[PDB]
Structures are given as C-alpha cells and as structure tokens.
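Q: okay, here's the opening piece of the assembly, coordinates as they are in the complex:
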Amino acid sequence: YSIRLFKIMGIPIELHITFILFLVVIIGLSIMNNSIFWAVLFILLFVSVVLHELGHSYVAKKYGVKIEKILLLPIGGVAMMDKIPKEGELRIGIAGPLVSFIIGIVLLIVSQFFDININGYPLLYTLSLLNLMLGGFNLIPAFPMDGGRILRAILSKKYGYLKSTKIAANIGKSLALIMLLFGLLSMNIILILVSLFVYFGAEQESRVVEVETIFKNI
C-alpha cells in the first residue's frame, strides 16, 4: 500500500506506509518538542533521495525502462524496476551517485552567493552537504551501496559474476560486523541499527546471486 504523490521526469513517485508512519512519527516529534529543523531535514533528505534515485533511473531507461514506480522506504528510496542488463550496471550504478554529487557540488557553490536562513540553518548549504554525503557514501565499494554494484561490474568479467559479487558483498559484511562490534560496544543504537541494514543488505545479495548461479549451473 503506497500513496501517489506526483510524477517527475515520467516516473511515478510513491510513499510507502512504512515511510508514512515513519514520517508521521517525525512530524509528531517535531511538535512534542521544538525539533523544528529535524522535520525539515527529513524532508530535504528524502527530496534529495528522490533525485538520486532518479538519475539512477534515467541512465537505466536508456537500457530498458523497467521503471514502473518509485516508492520511498524510510531507509532511503527504491526505484521499482525489472530486468537489469549485466553490461549496463556499471553505468546505472554510478548514475545515481553522479546526480547527487553534481547537485551537491552546485548547491554548494551557490550556497555561498545566496541561501535561506531558517533559525540560522541555511537550507541550500545544508542540502549540498547531504547530497555530497549521499553521493560520496554511495561509492564505498560494498553492498548494498551503489559502489557495490559498481565494484562488482569492474570485476565481473574477470572474476566471474558470483565471485566478483561475493567480494563486494563480503566487504559489506566486513564493514557491518565491525560497525556492530562498536555500536554494541558503546551501546549506541543507531550505529547498531545501521550495521544491521548494511549487513543484511550485503547478504541478501550473496544469497540470491548464489542461489541463482547454482540454478544456472543446472
């Protein structure tokens, strides 16, 4: 159950229940206390997320418009697609990080010649920063971050799709575990919570790929 919002660049943008309930809790927590910008941030963040998962989309269309919808799950955003070529990945993958990087580098320059001050925080400036992280972070050569499909790509035709998958996927698992060890060691929920997303995000890849391979190898 998603809720229509509006279509941009010819792609349906939806809001998942999980995202709405999540948003509602945020909007509410932006009133139970005066955490004003916290709510606005969440909004900017996901607006930015939209665009990132849009660039990803575009470069993809120019390969097979399996792009039906685009729903925002509280953990970022997912662009509902279908079959994805193995010789188009490397592009579709970096596609999104470019967009959010460019957007971030521009809004960054401009947010030094003009911006909007809300209780001080310069929306323009703030954003560029986020886009920059969203751009750069999605480049760590690991899974589920774009840099994972990208690293697999560069590797694929040399280590075989499954092994080259496993490497990316393995490093995720690697990073996640360590992240956990310290989120669990300093008892800092968010660290922990994120370590789990990343990790099961990497594993969900080995599983499917792997299962698949076995099925192809008859």
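A: Yes, it's here. Residues are numbered from 1 along each chain as shown, chains lettered A, B, ... in the order given.
Q: which residues does residue A:137 contact?
A: Residues counted as contacts of residue A:137 (CB atoms under 8 Å, 6 or more residues apart in numbering) are residue A:145. (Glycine included, C-beta is placed from N, CA and C.)
Q: Please apply the same query to residue A:141.
A: Going by CB under 8 Å, 6+ apart, the list of residues near residue A:141 reads A:147-148, A:150-151, A:168, A:171.
Q: who wins for most neighbours among the residues you listed?
A: Ranked by neighbour count (other CB atoms under 10 Å), these have residue A:168 at the top, with 27 neighbours.
Q: Quick check: it touching residue A:151?
A: Yes - counting by CB atoms under 8 Å, residue A:151 is a contact partner of residue A:168 at 4.7 Å.
Q: Give me the common contacts of these two.
A: Common neighbours of residue A:168 and residue A:151 (CB under 8 Å, 6+ apart) are A:141-142.
Q: Okay, helices next: where are they in chain A?
A: Per DSSP state H, chain A carries helices over the ranges A:17-29, A:36-64, A:89-110, A:123-137, A:146-159, A:161-183, A:189-216.
Q: about what we covered before: which one of the contacts of residue A:141 is nearest residue A:20?
A: Of all the contacts of residue A:141, residue A:148 has the smallest distance to residue A:20: 28.4 Å, by CB to CB.
Q: Relative to residue A:205, how far out is that closest one?
A: 7 Å (CB to CB, to the nearest Å).
Q: Between these two, which contacts overlap?
A: A:168-169, A:172.
Q: In a markdown table: the residues you listed, plus distance to residue A:184.
A: Converted to a markdown table, those look like this (distance: CB to CB, whole Å):
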| residue | distance to residue A:184 |
| --- | --- |
| A:168 | 24 |
| A:169 | 22 |
| A:172 | 18 |
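Q: Can you give me every residue that contacts the nearest residue to residue A:27 once chain neighbours are set aside?
A: Leaving aside its chain neighbours, residue A:27 sits nearest to residue A:39 (6.0 Å; criterion: CB to CB, 6 or more residues apart in numbering). Going by CB under 8 Å, 6+ apart, residue A:39 touches A:26-27, A:29-30.
Q: Need the max-distance pair from these.
A: Taking CB to CB as the measure, the contacts of residue A:39 have their most distant pair in A:27 and A:29, spaced 7.5 Å apart.
Q: what's the distance between the spatially most central residue of chain A and residue A:111?
A: Nearest to the geometric centre of chain A sits residue A:76, at 5.1 Å (CA atoms, centre = their mean). In this structure, residue A:76 and residue A:111 are 23 Å apart, going by CB to CB.
Q: cool, residue A:143 as well?
A: Where residue A:111 is concerned, residue A:143 sits at a distance of 32 Å (CB to CB).
Q: slot chain B in:
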Amino acid sequence: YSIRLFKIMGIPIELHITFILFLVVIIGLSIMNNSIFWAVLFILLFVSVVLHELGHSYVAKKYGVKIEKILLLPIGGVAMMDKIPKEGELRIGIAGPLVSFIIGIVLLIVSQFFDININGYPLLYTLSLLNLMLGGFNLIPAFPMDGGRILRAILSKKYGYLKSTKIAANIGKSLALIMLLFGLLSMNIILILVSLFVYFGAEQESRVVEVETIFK
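A: Same chains as before, plus chain B:
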C-alpha cells in the same frame, strides 16, 4: 619502515612497504600473463593517490601547515603531521576525498567524449573509477583511511587523543582482521591484500612517538 622516493614543496614523500608489496604483486601479475594493464594500473593508482594526498595537504597549509612527511599507500596517505587547528580536522580529512571524488567524476564524464587507449585499456575512464573508489573507500570510519582522522575528531573531545587514537586505530585492525578471514577463507587475494594495507596502515597511525635519523 618505508623507502624514500623524492620530495616536493619541501615535504618528504615516501612509499610504505604496503606499496612495495602491492608493487611486487603487480610485477608478478605482469608475468603471470602478458600484462601491460597491471603495470598501468599501479601507475594510475599511484598518481591518483598522490593527488588525493595533495588535496589533504593544501587545505592543511591554509591552517596549521605542520606538514613534515607524507607516506603513500595504495589505499591513501598517512601524511604524518602534528597540531591540527580546530576545524582543520573535519576539513583536512574530507579535503582529500573530495579531490579524489571530483577528479573521478570529471575524468568520468570526459572519458565518454574522449580517452587514451593503451593496448586497449582506456586511461581516463580507468582513472576516474580508481579516484571514485579511492574517494568513497576512504569514507569508512577506521584507520588509516580518512574516515578515521575524522572519526577520531568527532570522538576526541569525549575521550582525548592518546586513547581516542587507539579507538579508531583499533577499529582498523579489527576491521582489517575480519576482512582477512574473508579473503583468506574465500581465497580472494584482493580482500587479503587490502586487508593488509589497512592493518599495517593502522599499525602506522596508532603510533604516537617516532625516533628517526637524518643525513642531509
């Protein structure tokens, strides 16, 4: 210890064993098959790391400027320095990743309108990708990648340098090890190799006192 190479702008530039071992693996890999590429890459990487360690430098000179040495790793650079002005951390740390990032994003675009083919291998394109990974990789909160000098900072104020360094550095050794077990267990040299760079990278950052010698 490492091996002297050459200096620039009055700063000694060295090459940690990390790069020698990595060199060695590449030289050997260029005999495993009729390479050109593996040698090419080592050069591209090296060049890209230099630039990464240059951005780190610039933003630094516009501050404390305390740049005495520069150790280069295929991962990044453990540019040995001292006092770090307030806001030089956060900045000097991300300074390098941005360079590596922009350089990578630029050459990436360009390498779709023009390139240089060496026995096939497209130099510009290749490059962009290394800088992108080299940029993105250094965002992992551990040593010696840049995401550690920055994690130390955010942490520092609540634990203090001496042990606040150990923490990040410890995170590295721990991360490394695990990664090793993976590379070791799946016989994937790459994991293994990086696993080593990382580790000895933490061993070399987790230092606090170093007694050298000089012959000028």
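Q: ok chain B is loaded, check the contacts of residue A:141 again?
A: A:147-148, A:150-151, A:168, A:171, B:133, B:136-137 (CB atoms under 8 Å, 6 or more residues apart in numbering or on different chains).
Q: Give the burial count for residue A:48, as a bare number.
A: 23 (other CB atoms under 10 Å in any protein chain shown).
Q: Who are the contact partners of it?
A: By CB under 8 Å, 6+ apart, the residues touching residue A:48 are A:100, A:103, A:127, A:130-131, A:134.
Q: out of those residues, which are buried?
A: Neighbour-count burial (16 or more other CB atoms under 10 Å in any protein chain shown) applied to the contacts of residue A:48 gives A:100, A:103, A:127, A:130-131, A:134.
Q: Output those of those residues also counted as contacts of chain B.
A: Subset of these in contact with chain B: empty, counting by CB under 8 Å from any CB of the partner chain.
Q: Pretty sure residue A:29 sits against residue A:35.
A: Yes - with contact defined as CB under 8 Å, residue A:29 and residue A:35 form a contacting pair (6.2 Å).
Q: Ramachandran coordinates for the residue of chain A found nearest chain B?
A: Residue nearest to chain B within chain A (CB to the nearest CB): residue A:139, separated by 2.8 Å. Backbone torsions for residue A:139, taken as degrees, to the nearest 10, come to phi -120, psi -10.
Q: and it, what is it in contact with?
A: Going by CB under 8 Å, 6+ apart, residue A:139 touches A:97, A:145-147, A:150, B:101, B:132-133, B:135-137, B:139.
Q: What's the local residue count around the closest residue in space to residue A:206 that isn't next to it in sequence?
A: Nearest residue to residue A:206, sequence neighbours excluded (CB to CB, 6 or more residues apart in numbering or on different chains): residue A:169, at 4.6 Å. Here the number of neighbours of residue A:169 (other CB under 10 Å) works out to 27.
Q: And residue A:81, by the same measure?
A: Neighbours around residue A:81, by other CB under 10 Å: 18.
Q: Please name the nearest non-neighbouring residue to it.
A: The shortest distance from residue A:81 to any non-neighbouring residue, by CB to CB, 6+ apart, is to residue A:66 (4.3 Å).
Q: mind checking the backbone torsions on the one you found?
A: phi -70, psi 10.
Q: Now that it has come up, it's in contact with residue A:60, right?
A: Yes - Residue A:66 lies in contact with residue A:60 (CB under 8 Å); the separation is 7.4 Å.
Q: For the two, indicate the residue with more neighbours.
A: More neighbours surround residue A:60 than the other of residue A:66 and residue A:60, with 23 against 14 (other CB under 10 Å).
Q: Now do the same contact list for residue A:202.
A: A:142-144, A:148, A:168-173, A:176.
Q: which bits of chain A sit near chain B?
A: Listed as neighbours of chain B in chain A under the rule CB under 8 Å from any CB: A:94, A:97-98, A:101-102, A:105, A:135-141, A:147, A:150-151, A:154, A:159, A:163, A:166-167, A:170-171, A:173-175, A:177-178, A:181-182.
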